[PDB]
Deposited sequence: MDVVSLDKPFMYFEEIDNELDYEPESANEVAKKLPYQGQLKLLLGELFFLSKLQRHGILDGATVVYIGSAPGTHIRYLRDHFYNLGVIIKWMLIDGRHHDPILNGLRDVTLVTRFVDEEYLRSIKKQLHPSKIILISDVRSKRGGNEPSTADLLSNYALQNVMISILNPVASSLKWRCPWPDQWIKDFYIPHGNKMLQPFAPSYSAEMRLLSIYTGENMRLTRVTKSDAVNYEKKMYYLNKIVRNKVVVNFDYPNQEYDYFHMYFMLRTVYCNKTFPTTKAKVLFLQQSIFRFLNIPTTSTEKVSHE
């Protein structure tokens, strides 16, 4: 077995302290070990993000605009969690595909069947005015060109929507498929527990202060670093059994998940953090119908 003692998990990309040459053969390796794992990946990252905002006092009274939201099953859980916490939030979920009917019939959530474009983004901005907007994006078209096209759209989402915070899908194009250097919003590169086995995808979390929009350039050399850093993490780190982690499941992803969940706010008072996390994970797995 691959056992080890770890103080804490890598929470952000910059924390990954090692790299490995990418082995293309790893693409034939099982990408998922859990059923509904995708929805789980999304629920943890999104719960983490919004909890951070709650912590900063900028969630209550906001309208969360989720683009690329369908089916969005896990969103129902997120909605219930803050709704039960007494937090006032309106959800506007936009996608051209149909949403899970469990999201239907809640006066606090509006489902929209539309593929967004710069034009539509301007109409929704005019219609949401003057509520504060929190943007979440999970759109997916992928070729490098598809990616650049998506990232280009996420930047327009922010310039037009002008949100107080944003969570964007972020995956650097592969270096051997480089096209042109580009810019992405500045934010923390939140690592995702339960992401596919060899995914290099992460979530870029940002809080906007003032009227400034800071961006950062990304070049092929960064793409090379992204590849090796994410390959070492997937191949090595995520395959670790944290023996000093006293929990029903000691695999890295559960260790990483514990750290995200311990930041979530509950109505129920617990004696320890282990008790709250166990509670949250239990609730989460039950909702997703995960064993």
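Unmodelled regions of the deposited sequence, numbered from residue 1: 142-147, 298-307.
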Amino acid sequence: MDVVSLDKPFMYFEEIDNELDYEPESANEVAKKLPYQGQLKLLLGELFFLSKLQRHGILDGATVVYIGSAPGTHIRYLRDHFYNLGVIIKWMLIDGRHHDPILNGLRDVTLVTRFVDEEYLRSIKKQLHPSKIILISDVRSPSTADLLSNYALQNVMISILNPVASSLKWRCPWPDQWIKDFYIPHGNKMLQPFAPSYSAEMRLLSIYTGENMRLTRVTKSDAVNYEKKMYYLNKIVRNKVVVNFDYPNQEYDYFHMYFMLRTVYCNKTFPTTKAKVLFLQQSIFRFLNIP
From here on, numbers count along this sequence of modelled residues.
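As listed in the deposited structure, the average C-alpha B-factor of 165-173 and of 119-127 is greater for 119-127. Comparing the deposited coordinates for 218-226 and 25-33, the stretch with the larger average C-alpha B-factor is 25-33. Highest C-alpha temperature factor among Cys266, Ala62, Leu50, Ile67, as the PDB entry reports it: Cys266. Reading the B-factor column for the CA atoms of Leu40, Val243, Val237, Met257 in the entry, the top value corresponds to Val243. Per the PDB record, residue ranking by Cα B-factor puts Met1 in the highest third of the chain. Ranked within its chain, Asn212 lands in the highest third, by CA B factor from the PDB record. Looking at the C-alpha B-factors along this chain, the one for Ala145 belongs to the highest third. Remark: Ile179 belongs to the highest third of its chain, ranked by C-alpha B-factor as recorded. Remark: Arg203 belongs to the lowest third of its chain, ranked by C-alpha B-factor as recorded.
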